[PDB]
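[1] My sequence and its experimental structure, below.
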Amino acid sequence: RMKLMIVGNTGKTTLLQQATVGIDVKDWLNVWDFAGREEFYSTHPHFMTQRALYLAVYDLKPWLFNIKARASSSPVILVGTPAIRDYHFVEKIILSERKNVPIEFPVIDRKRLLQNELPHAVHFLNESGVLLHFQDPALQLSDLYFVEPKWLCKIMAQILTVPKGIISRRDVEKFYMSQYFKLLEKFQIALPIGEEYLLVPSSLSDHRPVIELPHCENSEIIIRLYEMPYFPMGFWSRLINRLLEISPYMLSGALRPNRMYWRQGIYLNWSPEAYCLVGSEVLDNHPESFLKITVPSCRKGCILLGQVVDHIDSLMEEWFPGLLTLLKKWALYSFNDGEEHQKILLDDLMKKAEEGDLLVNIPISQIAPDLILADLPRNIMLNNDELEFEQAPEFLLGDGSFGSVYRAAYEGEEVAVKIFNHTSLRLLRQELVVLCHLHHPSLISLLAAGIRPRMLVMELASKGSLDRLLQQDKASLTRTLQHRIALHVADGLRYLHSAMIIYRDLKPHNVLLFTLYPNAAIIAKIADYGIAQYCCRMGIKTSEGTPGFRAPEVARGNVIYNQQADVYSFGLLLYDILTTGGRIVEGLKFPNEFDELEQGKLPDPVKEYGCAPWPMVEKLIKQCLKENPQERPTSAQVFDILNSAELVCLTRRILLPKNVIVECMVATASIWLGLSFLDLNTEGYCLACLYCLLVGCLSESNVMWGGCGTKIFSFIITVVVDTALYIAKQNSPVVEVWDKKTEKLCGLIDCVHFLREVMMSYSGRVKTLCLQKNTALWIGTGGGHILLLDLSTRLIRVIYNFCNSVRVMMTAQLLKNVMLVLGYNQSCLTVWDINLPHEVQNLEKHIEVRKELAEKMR
Ligand SMILES: C[C@@H]1CN(c2cc(-c3n[nH]c4ccc(OC5(C)CC5)cc34)ncn2)C[C@H](C)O1
Ligand SMILES: Nc1nc2c(ncn2[C@@H]2O[C@H](COP(=O)(O)OP(=O)(O)O)[C@@H](O)[C@H]2O)c(=O)[nH]1
């Protein structure tokens, strides 16, 4: 029905009559008596929900922060010993089925065996105390339906009750098991640090050690204060997890530092000149909570001051809204390095840093080097004299999330300048996370970054954005170019996702084209990091993205999502690339319905927009547009699917009816079958041994050859004629080569060896051959394997995973030559682009050239 929650410090269980290790539940009203110990605080922000009445026992506060974070409106009642209301002191059928849970551990994978209903019915039940289905994409545990929620609350913090605060996995195991270790980390209870050790941020040492960190003088350290009224519920578990997962990449961007933990604070040190002491502080006569950050006042010690500050500021934008103001940032400074530090508000010091980088009664570059961006590389600092920038509508390029890209020229080159409109330094520095520290041939390159006008200077895309290409010039979107656009964008996502960064808005407007030459090394780049954020391991919570270009789990802001939200965005981008304008053009002509169908009721691309069919990409779109984010392939797999020449050159995959078993076929665009008929345009369901009219193995290249029995005649399955003589017999895994001039065997070709090199499945029995003028030979093996071999050097690629046994191979004229192949599986009439042997080499060279470029930039 409706559930009640009793929250408060140690001083609850006794009050429940009308030592609490857990959130034990004794329903009458459904009570959720919490734990007052400070050790359990980090794990149960999650269990506070909207449909609950809150009771507080202060006895004779961080609790209300998350009370007014999951739901602003809540009937909070206070008793003794921001919605205060008292100071007295002292889907219905599934509920019955879910009540009975006769299992060992109360977890059920799916309700189908036990039993738009499910997904919504469970949420209402989840809002009650019947069961806990977290179903958040980040947690990756939506397949677990936790019945008897009192079990989950009880045995999930038993690790912290059974040096001071580190526990190994084996000790927990020595006390259906891998899911337990996932629950521990995903609730910020026991996060891994080593291969066999769990940190357990809670229940660490209560008091910090005695640290004699090398630099003690005022002129050798930089101190940053983060005064708060109180530490938000489970703040340090979030911060410690964030700081030990970025530690190897905090100076270089992989140097593992020496780390210390005391449950409020962390000490990272790479050297006596490169350390960082993030830790809580307690000032006398101050009822506040501080967060001191001490770093050395050197070049290598300023770099990771702006790293820690960026990772703490971001950690409150996505995880602790409300502190942003309750939280005020100070900056300790002292003129003579013998006196006591003095503090100035970081906002007040930002005003003095906008007009001259000096502070008068010492430079600002040592008080707070991150407001003047003095910690980012010295080569990306704006020289305002060499900037010819106008800010006129005639020079407007695009409108970014928070700025407006204008055209300008910097250092003589013609570049693009972004002006932040009303904004803060955080927006400039949040986008600076990706522009520097990450270099890739598929990410826009930053040339300079100013602070006085607060602009970014990116390189200029020669040919504009992809959105204009789709909507204006549709004639230049060749099939070999719009594949490279998707390949380059998928490579950009792969680097961003591998670098802890979720991009959030991937749309054609943010895809920049530097050339329309299909064979160039760099064609597409992704720009605009306005909403890119760190997705550390805990996912992201805040929801951003343009409607119609975002994942379904992003439109609904209640869940916390992960980097898989960009794969769905990529699936829509590749959906638009395949359909050119298509949905986007209709989207601007139908507002508030562009995101209505994303849901995800996207129609078939060929059926509606009438594009040229592209198999293995329509399949890729279908498996990227998955409602379940776990079913979507990762960005490292989307690139791997796109990085294949069989995907590019596969044109038609007509599927014949069941058990038709066609054995002969001839071309004419329509294809004949045998007697049947098939039209390529509408896909509507020996011939002209025979030759077109010799009647039988006949080929010519006017010299004509033939084959009968086990001998070759001129005036055994197939006869292939070239400068040499290629022929194979029935059930012959080897193809022999002959010479017309000598009438003698000149070597043999064995397909089994080629198949053996690639890691009775592999038939290898030759069933047909076909030759192409590009010194490449097509061999049809007994399985679903196709061998491409040079005619001169005598392997290109082995084509597989499209049928079960290739029957007949031939070349036809579609205005494009195609190598249409018929094979059994059910039988299918596969059609391949004749340039497949070339595209295997061109794409192989293209990846290697870009691979060298990626190492070159870093
Ligand atoms: C057609 C015209 C348009 N053009 C461009 C350039 C750009 C561009 N370049 N560099 C950028 C860096 C960032 C950037 O942030 C976006 C994606 C937020 C707009 C855009 C550009 N974006 C559109 N159009 C270049 C000229 C030659 O051609
Ligand atoms: N004298 C007195 N003691 C109380 C009162 N209410 C609770 N207590 C004491 O508080 C203890 C209950 O602790 P409790 O809040 O349940 O611990 P927690 O659930 O772990 O936070 C009992 O042992 C009582 O002795 C009261 O009104 N008067």
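    Structure received. Residues are numbered from 1 along each chain as shown. Ligands and ions are numbered 1, 2, ... in the order given.
[2] switch to C-alpha atoms for all contacts and neighbour counts from now on
    Will do.
[3] Residue 263 touches residue 236, doesn't it?
    Yes. Residue 263 lies in contact with residue 236 (C-alpha atoms under 8 Å); the separation is 6.9 Å.
[4] Quick check: neighbours shared by these two?
    Residues touching both residue 263 and residue 236 (C-alpha atoms under 8 Å, 6 or more residues apart in numbering) are residue 201.
[5] all strands for the stretch 701-850 of the chain, in order.
    Counting by DSSP state E, counting those that start in this stretch, the stretch 701-850 of the chain has strands at residues 704-708, 711-714, 718-721, 725-728, 734-739, 744-750, 768-772, 776-780, 786-790, 797-799, 805-809, 812-813, 817-824, 827-833.
[6] ah, wrong one, I meant the stretch 51-200 of the chain
    Under the criterion DSSP E, counting those that start in this stretch, the stretch 51-200 of the chain contains strands at 52-57, 76-79, 84-87, 107-108, 131-132, 145-147, 167-168, 197-198.
[7] out of these, nearest to ligand 2?
    Ligand 2 lies closest to strand 52-57 among the strands of the stretch 51-200 of the chain, at 8.1 Å (C-alpha to the nearest ligand atom).
[8] got the contact list for that closest one?
    Applying C-alpha under 8 Å, 6+ apart, the external contacts of strand 52-57 come out as 2-9, 11-12, 74-81.
[9] again, 10 Å this time
    The contact list for strand 52-57 (C-alpha atoms under 10 Å, 6 or more residues apart in numbering) reads 2-12, 15, 29-33, 36, 48, 63-64, 67, 71, 74-81, 83-84, 86-87, 89, 127-128.
[10] hmm, back to that, could the strands of the stretch 701-850 of the chain go into JSON lines alongside mean neighbour count and distance to ligand 1?
    Output for these, formatted as JSON lines (neighbours: other C-alpha atoms under 10 Å; distance: least, C-alpha to the nearest ligand atom, whole Å):
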{"stretch": "strand 704-708", "mean neighbour count": "17", "distance to ligand 1": "56"}
{"stretch": "strand 711-714", "mean neighbour count": "12", "distance to ligand 1": "61"}
{"stretch": "strand 718-721", "mean neighbour count": "22", "distance to ligand 1": "52"}
{"stretch": "strand 725-728", "mean neighbour count": "22", "distance to ligand 1": "53"}
{"stretch": "strand 734-739", "mean neighbour count": "18", "distance to ligand 1": "55"}
{"stretch": "strand 744-750", "mean neighbour count": "14", "distance to ligand 1": "52"}
{"stretch": "strand 768-772", "mean neighbour count": "20", "distance to ligand 1": "41"}
{"stretch": "strand 776-780", "mean neighbour count": "23", "distance to ligand 1": "41"}
{"stretch": "strand 786-790", "mean neighbour count": "21", "distance to ligand 1": "41"}
{"stretch": "strand 797-799", "mean neighbour count": "16", "distance to ligand 1": "38"}
{"stretch": "strand 805-809", "mean neighbour count": "23", "distance to ligand 1": "46"}
{"stretch": "strand 812-813", "mean neighbour count": "14", "distance to ligand 1": "38"}
{"stretch": "strand 817-824", "mean neighbour count": "22", "distance to ligand 1": "35"}
{"stretch": "strand 827-833", "mean neighbour count": "22", "distance to ligand 1": "33"}
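[11] Between these, which one is closest to residue 339.
    Comparing the strands of the stretch 701-850 of the chain by their distance to residue 339 (C-alpha to C-alpha), the top pick is strand 797-799, with 73.3 Å.
[12] so what strands line up beside the closest one?
    strand 786-790 (antiparallel) (DSSP bridges).
[13] who's in contact with residue 800?
    Residue 800 makes contacts with 646, 783, 784, 785, 786, 787, as judged by C-alpha under 10 Å, 6+ apart.
[14] distance of it from ligand 2?
    Shown here: residue 800 relative to ligand 2, a distance of 64 Å by C-alpha to the nearest ligand atom, to the nearest Å.
[15] Likewise for residue 616?
    Distance of residue 616 to ligand 2, computed by C-alpha to the nearest ligand atom: 59 Å.
[16] any idea what sits nearest that residue, other than its immediate chain neighbours?
    residue 647 (5.5 Å; C-alpha to C-alpha, 6 or more residues apart in numbering).
[17] Confirm that that neighbour sits in a helix.
    Yes. Looking at residue 647 with DSSP: H, G, I helix; E, B strand; the rest coil, it is inside a helix.
[18] circling back: which of the contacts of strand 52-57 fall in helices?
    Mapping the contacts of strand 52-57 onto helices (DSSP state H) picks out 63, 64, 67, 127.
[19] Any of the residues you listed buried? List them.
    Buried members of the ones in helices among the contacts of strand 52-57, counted by 16 or more other C-alpha atoms under 10 Å: 64, 67, 127.
[20] Which residue would be the closest one in the stretch 501-650 of the chain to ligand 1?
    Closest contact between the stretch 501-650 of the chain and ligand 1, by C-alpha to the nearest ligand atom, is at residue 510 (3.9 Å).
[21] I'd like the strands of the stretch 51-200 of the chain as TSV, with distance to residue 810 and mean neighbour count appended.
    Converted to TSV, these look like this (distance: least, C-alpha to C-alpha, whole Å; neighbours: other C-alpha atoms under 10 Å):
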stretch	distance to residue 810	mean neighbour count
strand 52-57	71	22
strand 76-79	77	18
strand 84-87	81	12
strand 107-108	54	18
strand 131-132	59	23
strand 145-147	55	22
strand 167-168	63	18
strand 197-198	61	20
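[22] In a markdown table: these, plus distance to ligand 1.
    A markdown table is the format used below for these (distance: least, C-alpha to the nearest ligand atom, whole Å):
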| stretch | distance to ligand 1 |
| --- | --- |
| strand 52-57 | 44 |
| strand 76-79 | 45 |
| strand 84-87 | 46 |
| strand 107-108 | 46 |
| strand 131-132 | 42 |
| strand 145-147 | 42 |
| strand 167-168 | 47 |
| strand 197-198 | 42 |
